[PDB]
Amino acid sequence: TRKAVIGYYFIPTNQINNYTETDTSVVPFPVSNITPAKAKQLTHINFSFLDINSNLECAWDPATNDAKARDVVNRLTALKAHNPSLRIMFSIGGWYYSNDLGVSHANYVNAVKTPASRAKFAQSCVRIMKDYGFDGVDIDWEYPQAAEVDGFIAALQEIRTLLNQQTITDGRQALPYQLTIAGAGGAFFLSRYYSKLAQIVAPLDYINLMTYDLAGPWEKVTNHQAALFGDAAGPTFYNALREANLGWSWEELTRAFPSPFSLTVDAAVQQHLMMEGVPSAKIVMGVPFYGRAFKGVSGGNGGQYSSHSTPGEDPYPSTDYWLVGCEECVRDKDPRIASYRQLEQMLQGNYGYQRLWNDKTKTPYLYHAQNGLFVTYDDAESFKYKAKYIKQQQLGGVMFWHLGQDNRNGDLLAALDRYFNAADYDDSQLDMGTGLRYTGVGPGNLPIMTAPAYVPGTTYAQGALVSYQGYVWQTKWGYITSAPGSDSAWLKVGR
């Protein structure tokens, strides 16, 4: 089956209200930039962002011109003429609306509280989807806390129920309405809901892992924001998952969550595969179409893993626009993020940037030796490794933020489509390198193992292996007379 290619289309309310396809100073990325060829290379477009209002219903920004919004959506749905598989999802949430201190966070928490709130919220999602012509619902709550997770589960299940209903009602079995979420791509936020991944993912068609922003100016050491594999020379991080409410023993937590660890794309994926009931076909790897830039960096390792002087405040404090060649930074008033489109133009614009390659992380980076700058980003080369990863691990596909940040020819999107689908591409010899893999073992990736059946009344020594009720168990100490499962003395090590 065809791998998912899920690209966000983000447009702020002011750009909707003043939508034009002929003035890049008003709308930098009009829907017209999404050509038929590009429409054939996507499977989903995540239109974004809608919100949840104080009435606890799915809603557009109250400032939205409803006619201008419908017109933007129509331009997106017209693209389905070029691709019968294409879906225009819409996204509820995002960081600004839905983080703990965001403007609407309480409406997310309160919408999922009761069966009545959940039914009201869920019905509003389907009503919105139908009123505007969307093909599915994407929820980007960043992120439900432990006590909110069950309500969030039930809210998803309720949307699932109404979406399947609407599919039968509209006779859409050939392209059924879908439900997805944006999931945390790093252990710290993932720890909030990790223990309930199985029930979170069960009503989803996909969970799109936000496997980017794994580095940034808020950390004191420069790093790759989306390393596939780990680099022993790079910084390592506390494995927050070892503190999630899993109820596991010490040996179980220790062998699932080595700490410190390399905060990589592969870590986030394996961490999802470690839980029982999380199918790899539903995991979608996120990739960034932008880079993050640091100032004040020391040479030696090309700016990698170096101290830096980049502010972490939002918004950017000063007017020091120090990313040389980033005209787009001036428009947006921030030198710390630059679209791939813009970084490509910096590389070919003779500005003093050197493109380097880390063969552990399998990602590019820019070092500005004169100005002491470092940029972590992704490109068509790094997408080669991530695509082969997606194929090797049988993931559902790829997600990226966002369409507007690709270059004018859509090379990043075309690359992703190519690596999955082109007869003229062959990655069978692509060498995935020797970067650090995430080797945690959990209930969802226990190996098949073979051991004598458990004999009741036997006294087992330490390390003995025994087969019992569908698992292979190992003793942690000696003189074991208890049965496996029933006792602190046995470790489940295989199936």
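From 1 onward, residues are counted along the sequence shown. By rigid core we mean the largest C-alpha set that fits within 1.5 Å across both forms.
*Asks:* Say the other structures are aligned on the rigid core; which stretch then has the higher CA RMS in 6 other deposited structures of this protein, 310-318 or 191-199?
*Replies:* Once the cores are fitted, 310-318 deviates more in 6 other deposited structures of this protein.
*Asks:* Relative to the presented form, and with the rigid core used for superposition, do the C-alpha atoms of 462-470 or of 25-33 deviate more in 6 other deposited structures of this protein?
*Replies:* Per-stretch check in 6 other deposited structures of this protein: the more divergent one is 462-470.
*Asks:* Which wins on mean Cα temperature factor, 306-314 or 225-233?
*Replies:* It is 306-314.
*Asks:* For the higher mean C-alpha B factor in the entry, choose 38-46 or 451-459.
*Replies:* Averaging CA B-factors over each stretch, the winner is 451-459.
*Asks:* Identify, among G291, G216, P364, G397, the residue whose C-alpha carries the highest B-factor in the deposited PDB entry.
*Replies:* That would be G216, according to the entry.
*Asks:* Looking at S339, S191, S91, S117, which has the biggest Cα B factor in the entry?
*Replies:* Of the options given, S117 has the highest CA B-factor in the PDB entry.
*Asks:* Please place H105 in the lowest, middle or highest third of its chain by C-alpha B factor as given in the entry.
*Replies:* Bottom third by C-alpha B-factor.
*Asks:* Looking at the C-alpha B-factor of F10, is it in the lowest, middle or highest third of its chain?
*Replies:* It falls in the bottom third of the chain.
*Asks:* By its CA B factor, does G133 count among the lowest, middle or highest third of the modelled residues in the chain?
*Replies:* Middle third, going by the recorded CA B-factors of the chain.
*Asks:* Test of reading the entry: by CA B factor among the chain's modelled residues, which third contains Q354?
*Replies:* Ranked within chain, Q354 CA B lands in the highest tercile.
*Asks:* Taking the entry's C-alpha B-factors for this chain, is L86 in the lowest, middle or highest third?
*Replies:* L86: CA B-factor falls in the middle third of its chain.
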